[PDB]
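**Student:** Here you go, input-v7.txt (compact mmCIF, C-alpha atoms and all ligand atoms):
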```
# COMPACT_ATOMS: atom_id res chain seq x y z
CA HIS A 4 139.51 149.70 234.40
CA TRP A 5 141.21 148.35 237.48
CA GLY A 6 140.53 144.92 238.86
CA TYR A 7 142.34 141.84 240.14
CA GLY A 8 143.12 140.09 236.86
CA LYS A 9 146.50 139.48 235.22
CA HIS A 10 146.17 142.59 233.10
CA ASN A 11 144.49 145.08 235.44
CA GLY A 12 145.53 143.86 238.88
CA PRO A 13 147.38 145.55 241.79
CA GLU A 14 150.71 145.87 239.95
CA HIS A 15 148.99 147.94 237.23
CA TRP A 16 147.06 150.36 239.44
CA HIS A 17 149.87 152.90 239.70
CA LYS A 18 149.40 153.93 236.03
CA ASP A 19 145.94 155.38 236.69
CA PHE A 20 146.54 155.99 240.42
CA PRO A 21 150.12 157.20 241.05
CA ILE A 22 149.49 157.31 244.80
CA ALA A 23 149.69 153.48 244.67
CA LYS A 24 153.43 153.98 245.24
CA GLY A 25 152.82 156.58 247.94
CA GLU A 26 154.17 156.97 251.46
CA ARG A 27 151.29 155.46 253.45
CA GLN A 28 149.74 152.71 251.33
CA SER A 29 147.74 149.73 252.63
CA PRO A 30 147.63 146.90 253.35
CA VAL A 31 150.92 146.09 255.10
CA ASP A 32 152.55 143.15 256.79
CA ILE A 33 152.18 143.39 260.54
CA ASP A 34 155.50 142.35 262.09
CA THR A 35 154.34 141.45 265.58
CA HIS A 36 157.80 141.64 267.08
CA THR A 37 158.45 145.16 265.75
CA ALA A 38 155.03 146.60 266.63
CA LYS A 39 155.30 148.45 269.92
CA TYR A 40 152.79 148.51 272.76
CA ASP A 41 151.52 152.08 273.08
CA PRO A 42 150.21 152.81 276.60
CA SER A 43 148.73 156.10 275.40
CA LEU A 44 146.15 154.23 273.32
CA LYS A 45 142.66 154.56 274.82
CA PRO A 46 140.26 151.61 274.86
CA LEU A 47 138.47 151.04 271.56
CA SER A 48 134.73 151.77 271.57
CA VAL A 49 132.53 149.94 269.08
CA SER A 50 128.88 150.97 269.53
CA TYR A 51 126.79 149.08 266.99
CA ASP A 52 123.58 148.58 269.02
CA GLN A 53 121.66 151.08 266.90
CA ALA A 54 123.21 150.14 263.53
CA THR A 55 120.74 150.29 260.62
CA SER A 56 121.73 148.19 257.61
CA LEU A 57 119.93 148.90 254.36
CA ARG A 58 121.24 146.98 251.43
CA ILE A 59 123.86 144.59 250.12
CA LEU A 60 125.54 145.34 246.77
CA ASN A 61 127.89 143.50 244.39
CA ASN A 62 130.06 146.35 243.06
CA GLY A 63 132.33 144.34 240.78
CA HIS A 64 135.21 144.03 243.27
CA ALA A 65 133.47 142.86 246.47
CA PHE A 66 130.00 143.00 248.07
CA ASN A 67 129.19 145.84 250.44
CA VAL A 68 126.57 145.77 253.16
CA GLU A 69 125.61 149.47 253.44
CA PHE A 70 124.21 151.26 256.49
CA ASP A 71 122.22 154.42 257.12
CA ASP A 72 124.89 156.93 258.18
CA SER A 73 122.68 160.05 258.27
CA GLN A 74 122.68 159.97 262.10
CA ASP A 75 125.04 158.69 264.80
CA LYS A 76 123.74 155.13 265.16
CA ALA A 77 126.77 152.88 264.77
CA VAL A 78 130.03 154.56 265.66
CA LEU A 79 133.61 153.74 266.34
CA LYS A 80 135.67 155.89 268.70
CA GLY A 81 138.50 155.65 271.19
CA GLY A 82 141.64 153.68 270.53
CA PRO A 83 143.95 155.86 268.41
CA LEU A 84 141.02 157.96 267.26
CA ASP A 85 140.07 161.52 268.03
CA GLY A 86 136.40 162.17 267.53
CA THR A 87 133.58 160.00 266.25
CA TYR A 88 133.53 157.84 263.13
CA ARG A 89 130.26 156.59 261.63
CA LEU A 90 129.82 153.14 260.02
CA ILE A 91 128.92 153.44 256.35
CA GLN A 92 129.61 149.95 255.01
CA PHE A 93 131.52 146.70 255.40
CA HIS A 94 132.92 144.24 252.86
CA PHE A 95 135.41 141.38 252.66
CA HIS A 96 138.43 140.32 250.59
CA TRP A 97 139.01 136.59 250.14
CA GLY A 98 140.99 134.06 248.19
CA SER A 99 140.49 131.21 245.76
CA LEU A 100 142.04 128.96 248.43
CA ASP A 101 141.93 128.98 252.23
CA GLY A 102 145.68 129.70 252.28
CA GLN A 103 145.27 133.27 251.01
CA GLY A 104 142.76 136.06 250.87
CA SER A 105 143.60 138.61 253.53
CA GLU A 106 145.08 142.00 252.64
CA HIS A 107 147.00 142.60 255.84
CA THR A 108 149.28 139.78 256.92
CA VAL A 109 150.66 138.89 260.36
CA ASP A 110 154.35 137.98 260.27
CA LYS A 111 153.73 137.22 256.59
CA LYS A 112 150.84 134.89 257.47
CA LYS A 113 147.86 135.20 255.10
CA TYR A 114 144.36 134.52 256.45
CA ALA A 115 141.50 133.07 254.35
CA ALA A 116 139.76 136.43 254.24
CA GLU A 117 139.55 139.87 255.85
CA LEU A 118 136.55 141.99 256.85
CA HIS A 119 136.65 145.77 256.58
CA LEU A 120 134.14 147.81 258.61
CA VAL A 121 134.38 151.31 257.15
CA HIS A 122 133.70 154.44 259.21
CA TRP A 123 134.03 158.15 258.37
CA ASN A 124 134.98 161.06 260.63
CA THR A 125 131.81 163.00 261.45
CA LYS A 127 133.72 166.26 261.63
CA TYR A 128 133.92 166.20 257.82
CA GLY A 129 130.16 165.98 257.24
CA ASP A 130 130.07 163.11 254.77
CA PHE A 131 132.09 160.25 253.37
CA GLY A 132 133.01 162.08 250.15
CA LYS A 133 134.67 164.92 252.07
CA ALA A 134 136.22 162.62 254.67
CA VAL A 135 138.22 160.64 252.10
CA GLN A 136 139.97 163.90 251.17
CA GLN A 137 141.38 164.17 254.73
CA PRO A 138 144.37 162.39 256.34
CA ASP A 139 142.17 161.33 259.26
CA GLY A 140 138.95 160.97 257.30
CA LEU A 141 138.30 157.26 257.74
CA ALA A 142 138.77 154.63 260.44
CA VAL A 143 138.61 151.07 259.14
CA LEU A 144 138.35 148.12 261.49
CA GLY A 145 140.01 145.06 259.93
CA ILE A 146 139.14 141.57 261.12
CA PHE A 147 140.80 138.40 259.87
CA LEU A 148 138.82 135.29 258.96
CA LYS A 149 140.17 131.76 259.31
CA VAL A 150 138.38 128.59 258.24
CA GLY A 151 137.06 126.36 261.03
CA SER A 152 133.75 126.60 262.87
CA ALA A 153 130.94 128.57 261.23
CA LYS A 154 130.27 132.16 262.32
CA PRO A 155 126.50 132.23 263.09
CA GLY A 156 126.29 135.97 262.66
CA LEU A 157 127.63 135.73 259.11
CA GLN A 158 125.05 133.29 257.77
CA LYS A 159 122.50 135.95 256.90
CA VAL A 160 125.11 137.49 254.63
CA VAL A 161 126.01 134.13 253.08
CA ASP A 162 122.38 133.32 252.34
CA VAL A 163 121.64 136.53 250.40
CA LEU A 164 124.67 136.23 248.06
CA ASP A 165 122.61 134.18 245.59
CA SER A 166 120.60 137.33 244.89
CA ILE A 167 123.58 139.56 244.00
CA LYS A 168 125.75 137.14 242.06
CA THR A 169 126.88 139.67 239.44
CA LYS A 170 128.21 143.22 239.31
CA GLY A 171 125.55 145.89 239.77
CA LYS A 172 123.06 143.68 241.58
CA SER A 173 121.74 144.78 244.96
CA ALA A 174 119.27 143.47 247.50
CA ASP A 175 117.41 144.76 250.52
CA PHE A 176 119.41 143.86 253.62
CA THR A 177 117.79 145.41 256.67
CA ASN A 178 118.17 144.57 260.33
CA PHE A 179 121.57 142.92 260.01
CA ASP A 180 123.58 143.21 263.26
CA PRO A 181 127.32 143.74 262.66
CA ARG A 182 128.10 142.88 266.29
CA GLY A 183 127.74 139.29 265.12
CA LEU A 184 130.94 139.61 263.07
CA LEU A 185 133.23 140.67 265.95
CA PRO A 186 135.71 138.47 267.78
CA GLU A 187 135.73 138.27 271.57
CA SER A 188 138.76 140.49 272.16
CA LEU A 189 139.24 143.99 270.82
CA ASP A 190 143.07 143.95 271.14
CA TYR A 191 144.43 145.59 267.99
CA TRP A 192 147.33 146.98 265.98
CA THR A 193 147.03 150.45 264.43
CA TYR A 194 148.87 152.49 261.79
CA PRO A 195 148.16 155.25 259.25
CA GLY A 196 147.31 154.04 255.76
CA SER A 197 145.06 154.16 252.72
CA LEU A 198 142.07 152.70 250.94
CA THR A 199 143.23 149.33 249.57
CA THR A 200 141.25 149.80 246.31
CA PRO A 201 141.55 152.67 243.79
CA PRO A 202 141.57 155.68 244.33
CA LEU A 203 143.90 154.42 247.11
CA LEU A 204 143.50 157.70 249.04
CA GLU A 205 145.75 158.07 252.08
CA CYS A 206 142.89 158.88 254.45
CA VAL A 207 142.68 155.86 256.74
CA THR A 208 143.56 155.15 260.33
CA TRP A 209 143.75 151.37 260.24
CA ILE A 210 142.72 149.38 263.34
CA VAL A 211 143.37 145.65 262.77
CA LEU A 212 142.14 143.22 265.43
CA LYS A 213 144.55 140.57 266.68
CA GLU A 214 141.88 137.91 267.16
CA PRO A 215 140.48 136.41 263.96
CA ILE A 216 136.93 135.15 263.70
CA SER A 217 136.38 131.64 262.35
CA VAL A 218 133.95 130.92 259.50
CA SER A 219 133.13 127.58 257.94
CA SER A 220 134.46 126.12 254.73
CA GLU A 221 130.89 126.29 253.38
CA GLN A 222 130.54 129.97 254.26
CA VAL A 223 133.69 131.10 252.44
CA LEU A 224 132.85 128.67 249.63
CA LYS A 225 129.73 130.74 248.93
CA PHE A 226 131.82 133.92 248.71
CA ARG A 227 133.80 132.23 245.93
CA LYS A 228 130.66 131.69 243.84
CA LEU A 229 130.13 135.41 243.35
CA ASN A 230 131.07 137.06 240.03
CA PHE A 231 133.28 140.06 239.16
CA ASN A 232 131.36 140.34 235.90
CA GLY A 233 127.91 141.67 235.19
CA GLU A 234 124.99 139.48 234.18
CA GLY A 235 125.18 138.40 230.56
CA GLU A 236 128.97 138.71 230.50
CA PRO A 237 131.55 135.89 230.57
CA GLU A 238 131.72 134.49 234.09
CA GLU A 239 134.79 135.28 236.15
CA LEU A 240 134.60 134.16 239.75
CA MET A 241 135.04 136.84 242.39
CA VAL A 242 138.07 135.36 244.18
CA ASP A 243 141.46 136.75 245.18
CA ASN A 244 140.08 140.30 245.34
CA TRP A 245 142.88 141.27 247.74
CA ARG A 246 145.75 143.74 247.32
CA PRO A 247 149.12 142.39 248.58
CA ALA A 248 151.21 143.96 251.34
CA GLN A 249 152.81 147.33 250.50
CA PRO A 250 156.07 148.93 251.77
CA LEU A 251 155.71 150.15 255.36
CA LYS A 252 158.12 152.99 254.62
CA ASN A 253 158.22 155.63 257.36
CA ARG A 254 155.55 154.18 259.64
CA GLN A 255 155.33 152.44 262.99
CA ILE A 256 152.63 149.95 263.84
CA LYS A 257 151.40 150.34 267.43
CA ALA A 258 149.83 147.62 269.55
CA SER A 259 147.05 148.18 272.05
CA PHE A 260 148.30 145.22 274.07
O1 LIG B 1 140.35 149.95 252.17
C1 LIG B 1 139.45 150.75 252.91
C2 LIG B 1 138.39 151.39 252.04
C3 LIG B 1 137.36 152.12 252.61
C4 LIG B 1 136.38 152.70 251.82
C5 LIG B 1 136.42 152.56 250.45
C6 LIG B 1 137.45 151.85 249.87
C7 LIG B 1 138.43 151.28 250.66
ZN ZN B 2 138.55 146.46 251.90
```
The structure given in the file should be rewritten as structure tokens.
Ligand SMILES: OCc1ccccc1
Ligand SMILES: [Zn+2]
**Tutor:**
Amino acid sequence: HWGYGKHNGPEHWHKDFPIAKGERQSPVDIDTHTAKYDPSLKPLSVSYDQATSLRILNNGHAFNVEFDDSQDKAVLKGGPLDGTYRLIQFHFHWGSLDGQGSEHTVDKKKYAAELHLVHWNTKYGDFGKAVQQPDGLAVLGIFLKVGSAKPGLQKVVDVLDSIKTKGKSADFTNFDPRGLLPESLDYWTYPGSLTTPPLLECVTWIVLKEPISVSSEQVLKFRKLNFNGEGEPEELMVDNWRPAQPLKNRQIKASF
């Protein structure tokens, strides 16, 4: 199956998922000089005060912190969005080195990692139906650079020991995602896709301009995770990022 190795990595995905060469694939390089300020964009609204996290899972390609999305508790709205999108999970993509790891790039610059807060359009009833719609998901992307530690991320870093291998999960209640947000909500937005198979073209991407900083020790712990399951040969979970894809017929808009 698909992965990030030499024989099943991003350049191989198109064989099982033809949409990999589609018209609105993600991630993309964000050319800051070509992105245009869009005055029609409404302010972004991130309401995570009532967010209810439940568990953290190592799924073989990243670790997801999952939330209870059976009620409107943590929602994203505004910005380029019409309607309300509910937070279902967040995960990261990172590298083997601080010089790479992000999926989106800024003027070709690669960050050490990238956080994806995934939300689905409540008008479609559930995540499974939303991914079958062009405007089914809204994903907030946040870059990570190495420098000072991010206090709000430590709880995540500390539990990784308990989900080292694929298929392992652990209770992860009362985690506040507001602790992973940068100060400014200025962003770039464009229509795209999931960056992992099935690569469905159902995402309105909202990528924040301001990165958050995490410590060398924090990202170091990410790199100790495994792509493999327990009892299998150990392959470190690193470089689980898809590279930039052709922008094709799309315009990236800036909120600033
Ligand atoms: O890349 C965004 C994404 C969201 C949900 C599931 C997979 C991928
Ligand atoms: Zn992702």
**Student:** Give me, as a ChimeraX atom specification, all polymer residues having an atom no more than 8 Å from residue 76 of chain A, counting all atoms listed in the file and skipping those fewer than 2 positions away in the same chain.
**Tutor:** /A:50-55,72,74,78,89
**Student:** So, counting all atoms listed in the file, which residue among A:164, A:109, A:116, A:256 is closest to residue 176 of chain A?
**Tutor:**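 For residue 176 of chain A, the nearest of the candidates is A:164.
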**Student:** Which chains and residue numbers are within 9 Å of ligand LIG 1 (chain B), counting all atoms listed in the file, if I want them as a list in words?
**Tutor:** residues 29, 30, 91, 92, 93, 119, 120, 121, 122, 123, 131, 135, 141, 142, 143, 196, 197, 198, 199, 200, 201, 202, 203, 204, 206, 207 and 209 of chain A
**Student:** Looking at A:127, A:168, A:94, A:159, which one is nearest to ligand ZN 2 (chain B), with distances taken over all atoms listed in the file?
**Tutor:**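 Smallest separation from ligand ZN 2 (chain B) among the options: A:94.
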**Student:** From the set A:186, A:145, A:215, A:247, which residue has the shortest atom-to-atom contact distance to ligand ZN 2 (chain B), counting only C-alpha atoms and all ligand atoms?
**Tutor:** A:145
**Student:** Could you tell me which of A:17, A:80, A:246, A:27 comes closest to ligand ZN 2 (chain B) if we count all atoms listed in the file?
**Tutor:**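 Among the listed residues, the smallest separation from ligand ZN 2 (chain B) belongs to A:246.
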**Student:** So which residues fall inside 10 Å of (132.5, 131.3, 252.2) if we count all atoms listed in the file? Mind giving them as number ranges by chain?
**Tutor:** A: 97-98, 101, 115-116, 150, 153, 157-158, 160-161, 218-228
**Student:** Just checking: using all atoms listed in the file, which residue out of A:178, A:48, A:105, A:73 ends up closest to ligand ZN 2 (chain B)?
**Tutor:**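 Closest residue, counting all atoms listed in the file: A:105.
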**Student:** Build an axis-aligned box that encloses every atom of segment 44-51 of chain A listed in the file, pad it by 5 Å on each side, and report its centre and edge lengths in Å to one decimal, as JSON.
**Tutor:**
```
{"center_x": 136.5, "center_y": 151.8, "center_z": 270.9, "size_x": 29.4, "size_y": 15.5, "size_z": 17.9}
```
**Student:** What is the distance between atom CA of residue 129 of chain A and atom CA of residue 70 of chain A, in Å to one decimal?
**Tutor:**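 It comes out at 15.9 Å.
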**Student:** Please compute the atom CA of residue 64 of chain A-atom CA of residue 165 of chain A distance, one decimal, in Å.
**Tutor:**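 Separating atom CA of residue 64 of chain A from atom CA of residue 165 of chain A is a distance of 16.2 Å.
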**Student:** Figure out the distance between atom CA of residue 195 of chain A and atom CA of residue 111 of chain A, please, to one decimal in Å.
**Tutor:**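 If I compute the distance from atom CA of residue 111 of chain A to atom CA of residue 195 of chain A, I get 19.1 Å.
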**Student:** For each of A:44, A:49, A:133, A:147, take the minimum atom-to-atom distance to ligand ZN 2 (chain B), counting all atoms listed in the file, then give the residue where this is smallest.
**Tutor:**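 With all atoms listed in the file as the atom set, the closest residue is A:147.
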